[PDB]
Amino acid sequence: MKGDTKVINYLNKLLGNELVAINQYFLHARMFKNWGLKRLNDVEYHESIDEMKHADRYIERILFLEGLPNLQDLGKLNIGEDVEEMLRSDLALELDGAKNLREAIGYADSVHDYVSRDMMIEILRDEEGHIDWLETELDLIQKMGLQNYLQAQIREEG
Amino acid sequence: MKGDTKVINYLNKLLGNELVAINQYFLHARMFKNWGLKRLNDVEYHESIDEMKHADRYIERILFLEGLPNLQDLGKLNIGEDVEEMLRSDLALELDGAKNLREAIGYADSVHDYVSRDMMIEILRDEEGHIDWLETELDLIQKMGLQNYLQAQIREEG
Amino acid sequence: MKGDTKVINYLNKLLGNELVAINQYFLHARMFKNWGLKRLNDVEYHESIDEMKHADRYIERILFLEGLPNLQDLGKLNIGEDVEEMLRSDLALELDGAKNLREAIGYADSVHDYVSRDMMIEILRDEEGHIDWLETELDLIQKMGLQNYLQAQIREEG
Amino acid sequence: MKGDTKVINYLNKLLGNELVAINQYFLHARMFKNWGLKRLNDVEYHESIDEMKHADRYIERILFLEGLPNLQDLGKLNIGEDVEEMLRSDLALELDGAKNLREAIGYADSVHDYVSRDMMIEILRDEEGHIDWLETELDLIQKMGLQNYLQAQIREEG
Amino acid sequence: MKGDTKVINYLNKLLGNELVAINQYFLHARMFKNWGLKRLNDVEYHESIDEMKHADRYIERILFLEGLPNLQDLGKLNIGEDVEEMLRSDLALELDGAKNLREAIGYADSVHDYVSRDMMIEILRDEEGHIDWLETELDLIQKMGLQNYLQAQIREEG
Amino acid sequence: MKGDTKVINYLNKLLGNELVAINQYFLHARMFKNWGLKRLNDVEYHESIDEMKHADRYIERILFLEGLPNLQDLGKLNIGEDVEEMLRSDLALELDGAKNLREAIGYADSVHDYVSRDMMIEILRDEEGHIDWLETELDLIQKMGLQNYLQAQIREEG
Amino acid sequence: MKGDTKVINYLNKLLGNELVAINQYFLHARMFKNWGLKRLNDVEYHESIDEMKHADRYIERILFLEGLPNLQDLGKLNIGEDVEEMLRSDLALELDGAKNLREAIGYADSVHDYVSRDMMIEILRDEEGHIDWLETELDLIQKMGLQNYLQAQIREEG
Ligand code: HEM
Ligand code: HEM
Ligand code: HEM
């Protein structure tokens with residue numbers, strides 16, 4: 001079914017964001033794992049899988065709407081060198097992605113692509129859950145101190 | 001444990017190949033799915049998951065050897081427009097990757113990084129399995145004709 | 001128990017036929033497998049196992065009758081280069097073997113080696129089953145055409 | 001995938017060794033069985049099946065590498081007339097095969113056929129297990145005497 | 001159904017052989033048991049049951065063919081006084097019985113009593129199995145020595 | 001099977017390393033246990049069992065190759081007096097052992113003892129896993145502080 | 001809890017005996033295994049595990065009593081070259097160890113270290129069981145002869 005060209009461009013742009021998050025969250029995960037921060041590896045890896053699911057949804061949607069998914073262009077990764085920097089970087093990435101999502105959702109509505117909108121709203125809901133987790137972790141680092149925070153990561157939950 | 005710098009560069013180069021295959025196989029898969037070629041979507045998607053597993057192994061190994069995994073640089077995808085072109089493109093990608101693997105395996109041996117070698121040999125074994133499948137499919141297209149070939153893809157196995 | 005010398009020679013000759021069929025059917029099987037003709041690999045391989053069972057029966061019988069099983073001499077294999085040629089070659093091999101079996105069965109009867117005869121009749125029954133399958137497949141190639149025939153081989157049954 | 005021609009020749013040569021062992025171990029097995037040496041029939045027969053598995057691996061590998069498996073040429077069998085001679089003959093056969101394997105493994109490495117090498121190393125590992133068993137049995141014959149050795153073979157284990 | 005008179009006479013003669021074997025094998029069995037040769041008692045007793053089954057088949061067949069089964073005349077038993085003599089005596093008895101069976105099978109064929117023939121061939125097959133076991137045991141006595149042979153009989157298998 | 005003399009010497013040298021690790025890891029384990037550091041006792045003890053498995057492999061291999069395993073000479077233990085010193089000492093021991101392994105693996109290859117090589121590569125893979133764990137623990141001590149690190153050891157996982 | 005210094009020295013001396021037995025029994029076990037003497041490998045290996053358990057008890061006890069377990073000094077192994085010599089050597093080792101145990105048990109009593117005594121009495125009980133087994137085996141060698149003795153070892157029990 002021929003979709004609206006601009007919806008397709010938004011979908012490719014969102015896909016682009018997901019491709020960046022997939023890689024950044026995957027590397028961050030295995031960095032945590034290497035450091036023995038098991039709990040962080042589990043969450044971060046499952047966050048990477050989640051973005052893969054999102055990418056898959058965009059790819060299928062783009063294809064259905066008869067556009068060309070773009071997996072060739074990869075935006076800037078921002079890989080941190082310590083736990084806090086890594087988490088802040090993920091947070092900034094999510095915030096930028098939410099921004100793009102809000103714009104796309106608004107536009108899809110005004111061209112009546114309600115199923116693209118509906119798919120994007122579920123994704124935004126998942127992203128806000130991830131933003132919440134990131135914000136909470138960053139606050140915990142500050143409230144309990146880094147040493148205690150790190151110790152709390154060495155065993156998986158539960 | 002500080003690894004050999006050049007082994008790390010090889011590992012990053014191989015990781016690079018996997019990142020390309022992950023994306024190319026994933027797009028190809030969902031293209032097949034869109035076309036209703038269920039059997040091809042299943043194999044191609046599972047081939048994409050397989051390259052993700054390979055990437056994961058390289059990432060962990062690089063990290064253990066104390067290098068920096070590079071997930072920022074993404075080589076050229078070659079996305080085909082019909083089934084045969086897609087499969088040929090995957091085949092050429094695998095052949096180039098096997099070439100790189102053989103070189104890395106040789107070099108790891110001569111610096112005594114036997115566990116990197118051992119990991120790379122398992123990966124090469126998986127790739128040759130994939131090359132075999134690709135070669136066989138391409139020959140089937142020719143032997144049974146495209147119409148029959150396509151019909152044979154519309155139901156998953158078994 | 002000292003058997004009739006000539007029965008032993010027949011048994012060794014039949015064993016000879018089985019040794020040829022074992023190898024020819026095994027190679028043919030893995031050729032089909034390589035080509036992705038799964039259904040043909042299954043039947044052909046199980047036909048190879050069957051001839052191994054026959055060889056085993058001859059070997060034990062020869063030994064019981066106090067002769068020397070000959071596994072040293074291997075007759076001519078006729079390995080085909082395409083599906084039809086392979087199947088025709090197996091068919092001609094079975095037909096020649098049935099011929100030898102009929103002679104041996106007749107002779108065993110006239111020297112009263114009724115248990116050798118009885119064993120050979122079961123084997124002839126298995127061979128005629130195999131001849132029937134071969135004849136039927138060859139006719140299918142012709143009736144449905146090679147392209148359809150090949151497509152019908154790519155998935156195992158059932 | 002077009003393999004190295006010389007690797008293919010080695011593979012055919014090793015296949016040749018397996019074809020000889022398959023037959024020799026099978027006859028030896030049923031000789032032991034005829035003599036009521038149940039334990040020896042079980043081991044020897046399972047050693048024959050093992051060489052069949054090896055042959056199968058060579059055949060598939062040769063085919064994948066696009067060469068012609070040779071099952072037509074059968075080397076010299078050396079069938080013994082008593083238990084010790086049979087076992088010594090198997091031992092000499094294994095030792096010659098290990099020799100050929102070592103050469104092939106070395107050569108495959110230098111042309112970078114690492115998966116052929118890897119397959120051949122698993123096979124060599126199985127052969128050395130068989131050599132160990134043979135050497136041990138032959139020593140037992142000598143240590144306990146032939147009469148005791150034979151008595152120890154009449155019931156299967158365990 | 002009125003059978004051929006001469007087939008009936010053969011059947012009565014074979015029945016005669018079975019009656020002798022039943023008794024001889026039964027006595028031999030309980031002699032072995034008395035001597036504590038458990039393994040030999042088990043085989044010999046089950047050989048006695050087997051000949052009873054054969055007798056039963058002849059009796060039913062004779063009756064069906066409307067003749068008179070003769071259980072009144074009992075041929076010569078040859079009871080041995082030591083293990084080897086007992087086994088040799090059983091062997092000679094089986095060999096004489098096989099001789100009679102071969103003649104009867106030939107004759108039944110020429111008068112078209114194919115079901116009598118078919119029954120006699122199954123019996124001959126059982127007898128040749130028994131001959132094989134006897135021949136093997138006698139050879140074991142010689143190969144391992146009597147003392148070892150006897151020791152190997154004192155526990156049942158398995 | 002007579003092995004290469006120098007391979008045997010390497011195997012005895014590696015065995016020597018294992019004997020030292022077995023004892024050092026065992027004492028370190030029960031020191032941790034005494035201190036109530038349950039988690040460390042579990043890992044360290046299981047690391048001791050692991051080196052026992054390695055020793056067993058060398059012993060069997062040496063014996064098969066017809067050499068004399070040397071369990072008489074015991075190298076220097078380096079037993080630490082606090083957690084960090086103990087772990088650093090294990091780490092230095094593993095690093096020295098990896099060094100010896102790499103040399104032996106290289107040499108086994110050049111004399112074609114591919115199964116000794118293959119066994120040694122599996123062992124090196126286990127050692128690198130242990131090195132990774134040690135490096136990670138030592139970094140955790142530093143990142144979370146000793147007090148937090150110790151507290152994290154008092155309950156077993158999970 | 002600060003233990004008596006001399007009890008600690010005894011405990012270290014007994015530990016020393018266990019370290020020797022661990023190694024000697026382990027090598028002897030795998031020698032038996034190499035020779036195909038399965039039954040002897042099982043008992044001897046389980047005897048080695050048993051001495052490891054004893055060593056573990058001494059190590060924990062020494063640590064609890066606040067001494068330094070000594071795993072650095074390894075007494076003389078006496079590795080035999082044939083079955084009888086190996087068993088005699090183990091027997092002499094056990095006898096010397098029982099001697100040391102009796103002295104230590106007496107002394108622990110007179111300084112009121114009743115729990116060290118109680119632990120040592122359980123160990124002495126295990127050693128006397130092992131002495132009994134050794135004495136019995138050595139007598140069997142003599143009573144049945146070496147050839148019969150060896151044959152009785154080739155299958156595990158039961
Ligand atoms: C960039 C585009 C990618 C897409 C569209 C994608 C898609 C997917 C999907 C749909 C799954 C199944 C979810 C699940 O396992 O439950 C998956 C699994 C997985 N992915 Fe990705 N992926 C991508 C890239 C990557 C990369 C770069 C890595 C890094 C190594 C990776 C690592 C993994 C791993 C380890 C699994 C689990 C394997 C399994 O157990 O099945 N993926 N991916
Ligand atoms: C010469 C090339 C041969 C090849 C490549 C080959 C291959 C095989 C394979 C792959 C199996 C199945 C293994 C398993 O899963 O257990 C098998 C089974 C068997 N083979 Fe062969 N074989 C060969 C020759 C022979 C010969 C000459 C004999 C002698 C009679 C023989 C006797 C048997 C028997 C009795 C079985 C088991 C049948 C059953 O009960 O399933 N084979 N063979
Ligand atoms: C030095 C040469 C040694 C060798 C070759 C050796 C070998 C082995 C092997 C193969 C196992 C069984 C592994 C498994 O299947 O889990 C084992 C278990 C064990 N070892 Fe050792 N060992 C040695 C020394 C020691 C020492 C010095 C100690 C210290 C006390 C020790 C303590 C133990 C313990 C406690 C077990 C487990 C017992 C059980 O619960 O079954 N070992 N050993």
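- This entry, as listed in the PDB, derives from X-ray crystallography and reports a resolution of 2.50 Å.

- The PDB entry lists chain A under the name BACTERIOFERRITIN, from Escherichia coli.
- In the PDB, the structure is listed with the title "Crystal structure of E. coli Bacterioferritin (BFR) soaked in phosphate with an alternative conformation of the unoccupied Ferroxidase centre (APO-BFR II)".
- Checking UniProt for chain A, the heading Function contains the comment "Iron-storage protein, whose ferroxidase center binds Fe(2+), oxidizes it using dioxygen to Fe(3+), and participates in the subsequent Fe(3+) oxide mineral core formation within the central cavity of the BFR protein shell. The mineralized iron core can contain as many as 2700 iron atoms/24-meric molecule."
- As recorded by UniProt, the Subunit comment attached to chain A reads in full: "Homooligomer of 24 subunits, arranged as 12 dimers, that are packed together to form an approximately spherical molecule with a central cavity, in which large amounts of iron can be deposited as a ferric-oxy-hydroxide mineral core."

1. Considering the interface of chain A and chain B
For step 1, the next point in the chain: Across the contact, 20 residues belong to chain A and 20 residues belong to chain B.
For step 2, the next point in the chain: Counting every contact that joins chain A to chain B gives six salt bridges.
For step 3, the next point in the chain: At the boundary of chain A with chain B, the tally comes to eight residue pairs in polar contact.
For step 4, the next point in the chain: Of all elements in the fold, only α1 (5–34) and α2 (38–64) of chain A reach the threshold of two or more residues within the side of chain A that touches chain B.
For step 5, the next point in the chain: Considering every element that reaches the side of chain A that touches chain B, the biggest residue donor is α1(A), with seven residues.
For step 6, the next point in the chain: Taken together, the residues of the side of chain A that touches chain B break down into 11 nonpolar, four polar and five charged.

2. Here's the deal with the site of ligand 2
For step 1, the next point in the chain: Close contacts around ligand 2 come from 17 residues, with C:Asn23, C:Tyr45, C:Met52, D:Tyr45 and D:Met52 the closest.
For step 2, the next point in the chain: With respect to ligand 2, its neighbouring residues span chains C and D.
For step 3, the next point in the chain: The set of elements that each furnish at least two residues to the shell around ligand 2 consists of α1 (5–34) and α2 (38–64) of chain C together with α1 (5–34) and α2 (38–64) of chain D.
For step 4, the next point in the chain: Counting residues per element, the shell around ligand 2 draws most heavily on α2(C), which supplies six residues.

3. Focus: the relation of the copies chain A and chain B
For step 1, the next point in the chain: At an RMSD of 0.0 Å, chain A and chain B line up after a rotation of 180 degrees and a shift of 0.0 Å along the axis. The two molecules are tied by a two-fold rotation axis, judged by turn and shift. When each C-alpha of chain A is compared by its distance to the rotation axis, A:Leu74 comes out closest, at 3.5 Å.
For step 2, the next point in the chain: Both copies contact each other with a shared surface, as 100% of the interface residues of chain A are interface residues in chain B too.

4. So, the pattern of salt bridges
For step 1, the next point in the chain: For the structure on display, the rule yields 87 salt bridges over all chains.
For step 2, the next point in the chain: Between B:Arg88 and B:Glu84 there is a salt bridge, with its nearest N and O atoms 2.8 Å apart. With B:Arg88 and B:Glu84 both in helix α3 (residues 83–110) and four residues apart, this pair spans about one turn of that helix.
For step 3, the next point in the chain: Classification of B:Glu84 as partly exposed rests on a relative accessible area of 31%.
For step 4, the next point in the chain: In the salt-bridge network here, residues are joined through shared partners; they are B:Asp109, B:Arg117, D:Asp109, D:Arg117, F:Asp109 and F:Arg117.

5. Describing the coordination of the iron atom of ligand 3
For step 1, the next point in the chain: Taken together, the protein donors to the iron atom of ligand 3 comprise F:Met52 (SD) and G:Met52 (SD), at separations of 2.1 Å.
For step 2, the next point in the chain: Relative to the metal, the six donor atoms surrounding the iron atom of ligand 3 lie at angles of 81 to 179 degrees, and the coordination shape comes out octahedral. Separated into two different chains, F:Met52 in helix α2 (residues 38–64) and G:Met52 in helix α2 (residues 38–64) make up a pair that spans both. Just as F:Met52 is buried, G:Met52 falls in that class too.

6. Concerning the interface of chain C and chain D
For step 1, the next point in the chain: At the junction of the two partners, chain C supplies 20 residues and chain D supplies 20 residues.
For step 2, the next point in the chain: Overall, the association of chain C and chain D removes approximately 1,800 Å² of surface from exposure, summing both partners, and the carbon and sulfur fraction of that is 62%.
For step 3, the next point in the chain: Interface area lost by chain C to chain D is led by C:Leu63, C:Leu71 and C:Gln72, which between them contribute 30%.
For step 4, the next point in the chain: One salt bridge connects C:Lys33 with D:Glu60, and the closest N-O pair in it is separated by 2.9 Å.
For step 5, the next point in the chain: In this assembly, chain C and chain D are joined by eight residue pairs in polar contact.
For step 6, the next point in the chain: With seven residues, α1(C) is the largest single contributor of residues to the side of chain C that touches chain D.
For step 7, the next point in the chain: Class assignment for the residues of the side of chain C that touches chain D results in 11 nonpolar, four polar and five charged.

Definitions and cut-offs
Residues numbered from 1 in each chain as written, not as in the entry; some residues may be left out. Chains lettered and ligands numbered in written order. Part of a larger assembly, values for the part shown. Heavy atoms only, no water. Residues with missing side-chain atoms left out of burial classes, pairs and counts. UniProt positions renumbered as here; feature names shortened; annotations may be inferred. Contact = heavy atoms within 4.5 Å. Salt bridge = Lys/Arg side-chain N within 4 Å of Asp/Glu carboxyl O. Polar contact = N/O pair within 3.5 Å; in protein donor to acceptor, adjacent residues only side chain to side chain. Helix = DSSP H or I, 4+ residues; strand = E, 2+ residues; numbered from the N terminus. Nonpolar A, V, L, I, M, F, W, Y, C, P; charged D, E, K, R; others polar. Near = heavy atom within 4 Å. Least-squares fit on C-alpha atoms. Buried < 20%, exposed > 50% of the residue type's maximum accessible area, 1.4 Å probe, protein only. Donors = N, O, S within 2.8 Å, 3.2 Å for Na, K, Ca; no water. Tetrahedral: all angles 85-135°; square planar, octahedral: opposite > 155°, others 65-115°. Buried area = accessible area lost by both parts, 1.4 Å probe.

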